[PDB]
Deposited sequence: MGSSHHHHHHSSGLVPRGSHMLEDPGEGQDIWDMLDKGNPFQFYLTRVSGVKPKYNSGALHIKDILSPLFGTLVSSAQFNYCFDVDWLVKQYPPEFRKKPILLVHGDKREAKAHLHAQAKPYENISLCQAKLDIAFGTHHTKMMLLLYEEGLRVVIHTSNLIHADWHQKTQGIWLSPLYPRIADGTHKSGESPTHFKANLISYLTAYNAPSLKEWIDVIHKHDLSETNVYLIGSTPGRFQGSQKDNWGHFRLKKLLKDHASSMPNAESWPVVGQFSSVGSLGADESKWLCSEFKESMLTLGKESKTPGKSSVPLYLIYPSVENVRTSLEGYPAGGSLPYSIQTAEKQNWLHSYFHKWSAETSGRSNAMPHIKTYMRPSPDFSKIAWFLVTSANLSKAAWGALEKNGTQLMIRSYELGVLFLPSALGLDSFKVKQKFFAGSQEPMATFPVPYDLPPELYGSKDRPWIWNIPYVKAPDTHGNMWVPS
């Protein structure tokens, strides 16, 4: 399979929906290779749980947790790690206010080579239980034979791009991982890396990250009434109206190729209420009332979560995807899976300079990287496995976007419960 794009396993659905799916234990299994050390980039960790995901034989191998926690949260993370002397931590610098280290990535070094995993899940039980999450698995990258003189670079420039991403942390513990990558052959990589890193970027550096990075790749490597579809689990404040950022800079970047319809997929209250988890699913869809009330104009772009194609309509989405389907949705010009949600913090906002608050990371699937002009959409999850149903379905007149910090008490959920934050 050229894509190596997978969904996580979901408990509570029929086996046929989990046949081509992966659980974290599968990813860290000995069949994937003989582990030497690993790095886990993430936002939230449950260390006890994480260590138990590693095979008993690999549990004592060194692990670097790359996080962005500060002060008491940091102290708590260190406390969690104390019992396992093989674990080290790297605190990603967040020098801009309200940023987060949101990137989800695993670097897995084996006796047999190196694997890179870019995904959407936090390292806590809940994120791998009943949610729709995405995973990209790199090939097993062999080590470069001393004596040979090789870049190990791919036509997508993944190797250099990944090193620039890590270089941006300006972190001692990452240097060893940079040197490790240098030593391996990543030439088989057929995806483009799309990262965000905190900063204010000017001149040419604007194209290095966020939506300008996506824009640059689409211009260089890609009846244009083809819609843009955005699908995510959180929404930041986008402004008083669509012209402030959504339709002006975000949409502009995404429509780039070489009156466009913008469809946004985000679960409604009903989607959450009737999910496998019920309302608690909503603890992982953090759209706040304070933010939403300021931007009701946005909700007219909202579409329901529906994933019959992958048997996941009841598995709330934590994956984030962006794509450009044809007018009839039978094909797509490109597809991106990433940790970036719908917000300026993740994607960047122009100030000229581009301001980004967080670390985010995703991979872009372009037909040209496979020598194609388009991908046909796989109907049932060269044909790209879109994990939700198309076309997207608009919210009904009585639907509301899930907002996590208000109570829902008129209708009980899947488990007979109400939701009362506070």
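Gaps without C-alpha coordinates occur at 1-38, 261-265, 302-310, 404-406, 437-444, with positions taken along the deposited sequence from 1.
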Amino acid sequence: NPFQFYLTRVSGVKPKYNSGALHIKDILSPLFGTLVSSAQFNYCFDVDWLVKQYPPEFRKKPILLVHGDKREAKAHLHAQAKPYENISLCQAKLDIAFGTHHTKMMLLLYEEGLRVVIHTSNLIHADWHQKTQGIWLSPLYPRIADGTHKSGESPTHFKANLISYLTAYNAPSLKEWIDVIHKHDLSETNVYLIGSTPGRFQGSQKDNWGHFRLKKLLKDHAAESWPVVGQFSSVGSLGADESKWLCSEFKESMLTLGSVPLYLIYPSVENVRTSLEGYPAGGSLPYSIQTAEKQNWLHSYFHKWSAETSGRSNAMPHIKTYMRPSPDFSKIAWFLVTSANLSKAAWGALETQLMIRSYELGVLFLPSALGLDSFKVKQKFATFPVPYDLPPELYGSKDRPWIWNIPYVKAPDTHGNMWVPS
From here on, numbers count along this sequence of modelled residues.
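Averaged over Cα atoms, the B-factor as recorded in the entry is higher for 297-305 than for the other of 297-305 and 155-163. Taking the PDB entry as given, 144-152 carries the higher mean Cα B factor of the two stretches 144-152 and 270-278. Across the residues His119, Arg115, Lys244, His211, the deposited record lists the maximum Cα B factor for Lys244.
Residues shown: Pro56, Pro385, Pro392, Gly68. Highest C-alpha temperature factor in the entry: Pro56. Among all modelled residues in its chain, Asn417 ranks in the middle third by Cα B-factor. Ranked by C-alpha B-factor against the other modelled residues of its chain, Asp179 falls in the middle third. Ranked by Cα temperature factor within the chain, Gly311 sits in the lowest third according to the deposited record.
Annotation for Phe375: CA B-factor lies in the middle third of the chain's modelled residues. Sort the modelled residues of the chain by CA B factor and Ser343 lands in the middle third.
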